[PDB]
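upload-v3.cif (mmCIF, C-alpha atoms) appears below.
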data_entry
#
loop_
_atom_site.label_atom_id
_atom_site.label_comp_id
_atom_site.auth_asym_id
_atom_site.auth_seq_id
_atom_site.Cartn_x
_atom_site.Cartn_y
_atom_site.Cartn_z
CA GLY A 127 13.55 -10.53 2.46
CA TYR A 128 11.37 -7.99 4.19
CA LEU A 129 10.15 -4.41 4.07
CA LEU A 130 8.93 -2.37 7.00
CA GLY A 131 7.62 1.15 6.67
CA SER A 132 5.50 3.98 7.89
CA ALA A 133 3.63 6.50 5.78
CA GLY B 127 7.97 8.22 7.07
CA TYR B 128 10.45 5.51 8.06
CA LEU B 129 11.75 2.63 5.94
CA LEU B 130 13.77 -0.53 6.52
CA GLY B 131 14.14 -3.17 3.83
CA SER B 132 16.48 -6.10 3.35
CA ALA B 133 16.98 -8.86 0.82
CA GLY C 127 4.97 4.11 -1.98
CA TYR C 128 7.45 1.40 -0.99
CA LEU C 129 8.75 -1.49 -3.11
CA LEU C 130 10.78 -4.64 -2.53
CA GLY C 131 11.14 -7.28 -5.22
CA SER C 132 13.49 -10.21 -5.70
CA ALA C 133 13.98 -12.98 -8.23
CA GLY D 127 10.56 -14.64 -6.59
CA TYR D 128 8.38 -12.10 -4.86
CA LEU D 129 7.15 -8.53 -4.98
CA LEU D 130 5.93 -6.48 -2.05
CA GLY D 131 4.62 -2.96 -2.38
CA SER D 132 2.51 -0.13 -1.16
CA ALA D 133 0.64 2.39 -3.27
CA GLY E 127 -0.29 3.65 7.81
CA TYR E 128 2.19 0.95 8.79
CA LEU E 129 3.49 -1.94 6.67
CA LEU E 130 5.51 -5.09 7.26
CA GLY E 131 5.88 -7.74 4.56
CA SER E 132 8.22 -10.66 4.08
CA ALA E 133 8.72 -13.43 1.55
CA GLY F 127 -3.28 -0.46 -1.24
CA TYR F 128 -0.81 -3.17 -0.26
CA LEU F 129 0.50 -6.05 -2.38
CA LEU F 130 2.52 -9.21 -1.79
CA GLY F 131 2.88 -11.85 -4.49
CA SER F 132 5.23 -14.78 -4.97
CA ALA F 133 5.72 -17.54 -7.50
CA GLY G 127 5.29 -15.10 3.19
CA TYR G 128 3.11 -12.55 4.92
CA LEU G 129 1.89 -8.98 4.80
CA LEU G 130 0.67 -6.94 7.73
CA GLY G 131 -0.64 -3.42 7.40
CA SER G 132 -2.75 -0.59 8.62
CA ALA G 133 -4.63 1.93 6.51
CA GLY H 127 2.30 -19.21 -5.86
CA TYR H 128 0.12 -16.67 -4.13
CA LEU H 129 -1.11 -13.10 -4.25
CA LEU H 130 -2.33 -11.05 -1.32
CA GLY H 131 -3.63 -7.53 -1.65
CA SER H 132 -5.75 -4.70 -0.43
CA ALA H 133 -7.62 -2.18 -2.54
#

Would you encode the structure as structure tokens?
Amino acid sequence: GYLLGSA
Amino acid sequence: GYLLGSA
Amino acid sequence: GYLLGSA
Amino acid sequence: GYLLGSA
Amino acid sequence: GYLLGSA
Amino acid sequence: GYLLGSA
Amino acid sequence: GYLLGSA
Amino acid sequence: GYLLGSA
């Protein structure tokens, strides 16, 4: 699984 | 922000 | 924040 | 299992 | 900032 | 901060 | 597994 | 198992 994000 | 997650 | 967990 | 996070 | 994690 | 753990 | 980030 | 983090 993976998670990709900007903040 | 932007988010993409998958599992 | 962002979270992804799996079990 | 796994856990991925930002804070 | 930016984040990518995978497991 | 950022976290990834797995076991 | 891996984690890549900027802060 | 492993743990990877920033603080």

Give me, please, the distance in Å between CA of residue 133 (chain F) and CA of residue 127 (chain H), quoted to one decimal.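 Here the two named atoms are 4.1 Å from each other.
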
List the residues selected by the PyMOL selection byres ((chain H and resi 132) around 12) in the file shown, writing them as a PyMOL selection string. (chain D and resi 130-133) or (chain E and resi 129) or (chain F and resi 127-131) or (chain G and resi 129-133) or (chain H and resi 129-131+133)

Enclose the full set of atoms of chain F listed in the file within a box whose edges lie along x, y and z, apply 5 Å of padding to each of the six sides, and report centre and edge lengths in Å to one decimal as lines of an AutoDock Vina configuration file.
center_x = 1.2
center_y = -9.0
center_z = -3.9
size_x = 19.0
size_y = 27.1
size_z = 17.2

Would you mind exporting chain A with N, CA, C and O atoms, as a CSV table (one decimal), in the first residue's frame?
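In the end it all went to part.csv:
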chain,number,residue,atom,x,y,z
A,127,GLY,N,0.8,-1.2,0.0
A,127,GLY,CA,0.0,0.0,0.0
A,127,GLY,C,0.9,1.2,0.0
A,127,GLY,O,2.1,1.1,0.2
A,128,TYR,N,0.3,2.4,-0.3
A,128,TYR,CA,1.1,3.6,-0.3
A,128,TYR,C,0.2,4.8,0.0
A,128,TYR,O,-1.0,4.8,-0.2
A,129,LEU,N,0.9,5.9,0.4
A,129,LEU,CA,0.3,7.1,0.6
A,129,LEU,C,1.2,8.3,0.1
A,129,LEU,O,2.4,8.3,0.4
A,130,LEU,N,0.6,9.2,-0.6
A,130,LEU,CA,1.3,10.3,-1.2
A,130,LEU,C,0.5,11.5,-0.9
A,130,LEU,O,-0.7,11.6,-1.1
A,131,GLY,N,1.2,12.6,-0.4
A,131,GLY,CA,0.5,13.8,0.0
A,131,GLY,C,1.3,15.0,0.0
A,131,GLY,O,2.5,15.0,0.1
A,132,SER,N,0.6,16.1,-0.2
A,132,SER,CA,1.2,17.4,0.1
A,132,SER,C,0.5,18.1,1.2
A,132,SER,O,-0.7,17.9,1.4
A,133,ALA,N,1.2,19.0,1.9
A,133,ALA,CA,0.7,19.7,3.0
A,133,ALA,C,1.4,21.1,3.1
A,133,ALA,O,2.6,21.2,2.6
